[PDB]
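Structure assessment
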Amino acid sequence: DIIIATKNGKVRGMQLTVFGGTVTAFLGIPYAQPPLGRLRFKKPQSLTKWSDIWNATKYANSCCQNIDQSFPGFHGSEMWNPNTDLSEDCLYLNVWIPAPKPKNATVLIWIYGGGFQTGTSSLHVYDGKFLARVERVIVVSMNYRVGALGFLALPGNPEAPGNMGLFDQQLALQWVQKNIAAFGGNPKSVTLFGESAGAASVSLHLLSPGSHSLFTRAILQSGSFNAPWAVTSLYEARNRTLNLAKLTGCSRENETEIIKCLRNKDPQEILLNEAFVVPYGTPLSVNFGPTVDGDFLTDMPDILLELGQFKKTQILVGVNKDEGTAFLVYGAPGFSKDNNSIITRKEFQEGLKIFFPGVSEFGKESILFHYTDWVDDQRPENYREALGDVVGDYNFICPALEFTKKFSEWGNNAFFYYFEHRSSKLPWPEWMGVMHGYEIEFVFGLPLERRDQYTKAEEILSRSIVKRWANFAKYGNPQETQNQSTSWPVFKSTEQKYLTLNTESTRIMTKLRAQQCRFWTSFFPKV
Ligand SMILES: *[C@@H]1O[C@H](CO[C@@H]2O[C@@H](C)[C@@H](O)[C@@H](O)[C@@H]2O)[C@@H](O[C@@H]2O[C@H](CO)[C@@H](O)[C@H](O)[C@H]2NC(C)=O)[C@H](O)[C@H]1NC(C)=O
Ligand SMILES: *[C@@H]1O[C@H](CO[C@@H]2O[C@@H](C)[C@@H](O)[C@@H](O)[C@@H]2O)[C@@H](O[C@@H]2O[C@H](CO)[C@@H](O)[C@H](O)[C@H]2NC(C)=O)[C@H](O)[C@H]1NC(C)=O
Ligand SMILES: *[C@@H]1O[C@H](CO[C@@H]2O[C@@H](C)[C@@H](O)[C@@H](O)[C@@H]2O)[C@@H](O[C@@H]2O[C@H](CO)[C@@H](O)[C@H](O)[C@H]2NC(C)=O)[C@H](O)[C@H]1NC(C)=O
Ligand SMILES: CC(C)(C)C[NH2+]C[C@@H](O)[C@H](Cc1ccccc1)NC(=O)C(c1ccccc1)c1ccccc1
Ligand SMILES: *[C@@H]1O[C@H](CO[C@@H]2O[C@@H](C)[C@@H](O)[C@@H](O)[C@@H]2O)[C@@H](O)[C@H](O)[C@H]1NC(C)=O
Ligand SMILES: CC(=O)N[C@H]1[C@H]([C@H](O)[C@H](O)CO)O[C@@](O)(C(=O)O)C[C@@H]1O
Ligand SMILES: *[C@@H]1O[C@H](CO)[C@@H](O)[C@H](O)[C@H]1NC(C)=O
Ligand SMILES: *[C@@H]1O[C@H](CO)[C@@H](O)[C@H](O)[C@H]1NC(C)=O
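**Let's talk about the pattern of salt bridges**
Overall, the coordinates contain 26 salt bridges when judged by the stated rule. Two residues, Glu385 and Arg384, come together in a salt bridge whose shortest N-O distance is 3.8 Å. Looking at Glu385, the relative accessible area reads 36%, which means it is partly exposed. Residue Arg384 is classed as buried on the basis of its relative accessible area, which comes to 10%. Note that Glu495 and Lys497 form a salt bridge whose closest N and O atoms lie 3.7 Å from each other. Its relative accessible area of 31% is what places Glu495 among the partly exposed residues. Here the salt bridges share partners, and the residues they tie into one network are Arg379, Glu381, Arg384 and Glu385.

Encoded structure:
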């Protein structure tokens, strides 16, 4: 029985058997007073000391959120759905501690994705016990508010200022600064890592001055704030805040009076109307996302990035080979996860309309022109693959590369990876390839568990990835120095070298998606 004295009280954990060893888990430590009642839509508020022993032995409530029901019973979609009760009382974090208790361990803080509308830290694929066991780091993860409850914006109005979920993340990094030493952890050696909107979140903490002293280094898996889906304009945010008021009968003239109205509505009523605040949306639609609030974010982040206004430190950034495919089976015509989804030119063009709704006829033709120059014109999957590349290059790969270029231009070491292994346990069909989100289990070390039917080559790939992630958090340098491994070079704006991650030949390559990204990063912003 291990009890830890934190700043606000004692917490009891629990023991776990991992690989003939022991990890100490603290699941469900509160880090803010529950944002209920008059606290809904507001920045998170500090906790009051408890004199008893807090029992942190089970994952806490997930935050309120809509669920993906597009494939009931299918593990491929449902593995991402919340696995604890939804509740507005959801501001909790988890801590995995090596046993024996470490003395000054590096801390890894995980921030989940979910498009800022969904997600939870209790997912099986986010279990931090393998990393604590195998690398003797401490793994922390937190729940943060999501959707309207986390990102509703009336700028300047502290009843609904925006970016609340980001301030939730920040208050948990805060908790680690005040408390992780009591757990054996080094508050001066804290690496943030996250995927999808979690990675975009990590990139925004690099930008937010209030977060600059709360971490050391940063890892961005398939996401960054300059991705088109990652920041909600103040224009959209107003229209979206107002439209939500209409759909709930909360339209008022006094703006603070609207919030008070929205505070009486039941959680499900806010959730149900979230989906309709956007007239024409995409499968990627971030209804309520990060905004330029003037608090967490002082200016438009493209400007801060371009002019070097961010925390100076090392970054590790990467993307997966087929980022874009997962979104095609959520609306694109001719697509299904249950067939090979051979689409025609006309279906492709219809697909562009779904993913670029408010884009001119000429914009859509330019995408078609740039992606329909086939090496062979007789390949039937030509249009199926091109639509995936469009979505993945536009929404993920090119923004990540551009983020890495601009960030490294200010003198810091950057490392970029290209993950191209398709999991042997992947429930989605083979034509979707190396999907968005399916590097996560390798980062967290799930194939290190021999019982789990991953191949041996997958064990070795995870083992190396886990070593490189830990070496990056510990020492700023994602090498595997012992076994005779390919050395990972720094990413520089001239050479743009990156490391490929796969079971076979790990290689050094240059200028990923160069032709594709000059289209998206240089030409397409004009249309
Ligand atoms: C725990 O270790 C820290 C040092 O952490 C390292 O240095 C960081 C800058 C960063 O590079 C991390 O990834 C490293 O692991 C100790 O911090 C020092 O504490 C003394 C206080 O006596 C202070 O005078 C020094 O300035 C601190 N910084 C450094 C760089 O030495 C800390 O004391 C250690 N604590 C325990 C309990 O072991
Ligand atoms: C800004 O909002 C207006 C209206 O808000 C919502 O529109 C629908 C999505 C509905 O679900 C309700 O929440 C609100 O009425 C948008 O204007 C609508 O646009 C659609 C098509 O673009 C049109 O068919 C409707 O008649 C319009 N309704 C009104 C009242 O104008 C508008 O498009 C949003 N965006 C911008 C940039 O103005
Ligand atoms: C691949 O499947 C899509 C989706 O169709 C659904 O899923 C199938 C597996 C099957 O169970 C169908 O009954 C389902 O409707 C097919 O697209 C549909 O094609 C039909 C007939 O041409 C058309 O009426 C629908 O509008 C299409 N639906 C969508 C969402 O596009 C597609 O034709 C299949 N392609 C191949 C190569 O198998
Ligand atoms: C794996 C991950 C942790 C990333 C999420 N698990 C999948 C599921 O929970 C959520 C549900 C959702 C849907 C729409 C808006 C918000 C959330 N889907 C995504 O998060 C993802 C996406 C995948 C496929 C089809 C559409 C969307 C995305 C959404 C917005 C921006 C970028 C990616
Ligand atoms: C918190 O937990 C206390 C201990 O209960 C037991 O603790 C360990 C040693 C395990 O055996 C565990 O499975 C047991 O449940 C309780 O005595 C205490 O009442 C609990 N407090 C609250 C508020 O629930
Ligand atoms: C048709 C259906 O509902 N499920 C089928 C799945 C799906 O197509 C998955 O998305 C891809 O595993 O694929 C199988 O054929 C397969 O190879 O295991 C089994 C099953 O018949
Ligand atoms: C709106 O209502 C709040 C609370 O009653 C009040 O403090 C504020 O001054 C009002 N503003 C306007 C413009 O009516
Ligand atoms: C290096 O290889 C040995 C086998 O000789 C293996 O046990 C170990 O886990 C490997 N280390 C890494 C970091 O992959």
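**A word on the sheet that holds strand 5 (residues 53–55)**
As summarised here, the arrangement of the three strands in space is 1-2-5, forming an open sheet in which the pairing is mixed. Each having just a single partner strand, strand 1 (3–5) and strand 5 make up the two edges of the open sheet. Along the sheet, successive strands turn relative to each other by an average axial angle of 30°, direction set aside. Bridge count for strand 2 (residues 10–12) against strand 5 is three bridges, and the pairing is parallel. Paired with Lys10 across the bridge in strand 5 is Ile53.

**Observations regarding the layout of surface pockets**
Its boundaries defined by the atoms lining it, the largest pocket holds a volume of some 1,600 Å³. As for the largest pocket, its lining consists of 46 residues, and the residues nearest its centre are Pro228, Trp229, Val231, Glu236 and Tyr394. If you list the elements that add at least two residues to the lining of the largest pocket, you get helix 6 (234–247), helix 9 (301–306), helix 12 (382–408) and helix 15 (514–523). Broken down by element, the lining of the largest pocket gets its largest block of residues, seven residues, from helix 12. There is about 1,300 Å³ of room inside the second largest pocket. As for the second largest pocket, its lining consists of 45 residues, of which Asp68, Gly114, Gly115, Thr118 and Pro283 are closest to the centre. Those elements that place two or more of their residues in the lining of the second largest pocket are helix 1 (75–78) and helix 8 (267–274). At three residues, the largest contribution of residues to the lining of the second largest pocket is made by helix 8.

**A short note on the UniProt feature "binding site: tacrine" in the protein chain**
Per the UniProt record, "binding site: tacrine" is found at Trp80 and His436. A maximum C-alpha distance of 11.9 Å among these annotated residues, which run over 357 residues, shows that they cluster at one spot. Here, the second largest pocket is lined by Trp80 and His436 out of the annotated residues. Of note, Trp80 is situated in the loop between helix 1 and strand 6 (92–99). By relative accessible area, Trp80 is classed as partly exposed at 24%. As for its position among the elements, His436 is in the loop between strand 12 (414–419) and helix 13 (440–443). For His436, a relative accessible area of 14% puts it in the buried group. Within the structure, the side chain of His436 is placed 3.5 Å from the side chain of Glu195, a separation counted as a polar contact.

Criteria and thresholds
- Residues numbered from 1 in each chain as written, not as in the entry; some residues may be left out.
- Chains lettered and ligands numbered in written order.
- Heavy atoms only, no water.
- Salt bridge = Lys/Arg side-chain N within 4 Å of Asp/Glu carboxyl O.
- Buried < 20%, exposed > 50% of the residue type's maximum accessible area, 1.4 Å probe, protein only.
- Pairing = 2+ DSSP bridges.
- Helix = DSSP H or I, 4+ residues; strand = E, 2+ residues; numbered from the N terminus.
- Axes fitted to C-alpha atoms, helices over the stretch in contact; angles between N-to-C directions.
- 1 Å grid on protein atoms, 1.4 Å probe; cavity = no way out; pocket = protein on both sides within 12 Å on 5 of 7 lines; lining within 4 Å.
- Points joined across faces, edges and corners; volume = space filled by probe spheres on them.
- UniProt positions renumbered as here; feature names shortened; annotations may be inferred.
- Polar contact = N/O pair within 3.5 Å; in protein donor to acceptor, adjacent residues only side chain to side chain.

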